[PDB]
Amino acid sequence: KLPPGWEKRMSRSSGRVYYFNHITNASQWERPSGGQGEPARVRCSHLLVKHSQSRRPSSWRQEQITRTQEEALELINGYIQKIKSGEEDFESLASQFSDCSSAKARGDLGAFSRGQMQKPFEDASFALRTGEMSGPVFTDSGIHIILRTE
C-alpha cells in the first residue's frame, strides 16, 4: 500500500495517527502516497551533528566535540522542528550548524551511488524520494538530517 519503508503508526503519548518511515526515520501527518525499485544515483544535502562518540569528534565548528549523543539528538530534533515549521531553511541551517565539511557547500554532498557513504546514511538517502527530508539518521560520524535534491 505505502512506499518503501513507510508504515501507519499512532503516538503513545497522544492517540493520534501518523506515518513513519523505518529506513529514513521520517515522521509526518500526511499519508506518503495517494517494480520501480530505487534510484541508481541520488544527490543529497545533509546536516551533521557530531557528538563525543563520533569517529572523529571534531569539526570546523569546534576542534573538540564534547556534547553527548542525547544532546546531539536534541539538536537534530530541534532543527527538524524549525525546518518543518518554516522558521528556518535546510540549506541555511546546514551552512551554519553542520559539523561536516560539506557545510561549505550549504550541505550539498553531490551525487553518489551505493557503496560510497556510510551504510545508514546510504540506506536513508536511497529511500527518500526527491524533495523529501529524513528524520535523525545515526552513523559512525554522528546524527544526520538528509534532504534528497535529485
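Residue indices: 1-based, along the sequence shown.
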None, 1 to 3, 4 to 9, or 10 or more: how many residues of the deposited sequence lack coordinates between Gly34 and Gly35? 4 to 9
Would 137 to 145 or 10 to 18 have the larger average of its C-alpha temperature factors, as given in the entry? 10 to 18
On average, which has the higher Cα B-factor in the deposited entry, 102 to 110 or 24 to 32? 102 to 110
Tell me, please, which of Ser45, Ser85, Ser125, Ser54 has the highest C-alpha B factor according to the deposited entry? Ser54
Entry-reported Cα temperature factor of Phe97, expressed as the chain third it lands in: middle
Test of reading the entry: by CA B factor among the chain's modelled residues, which third contains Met117? middle
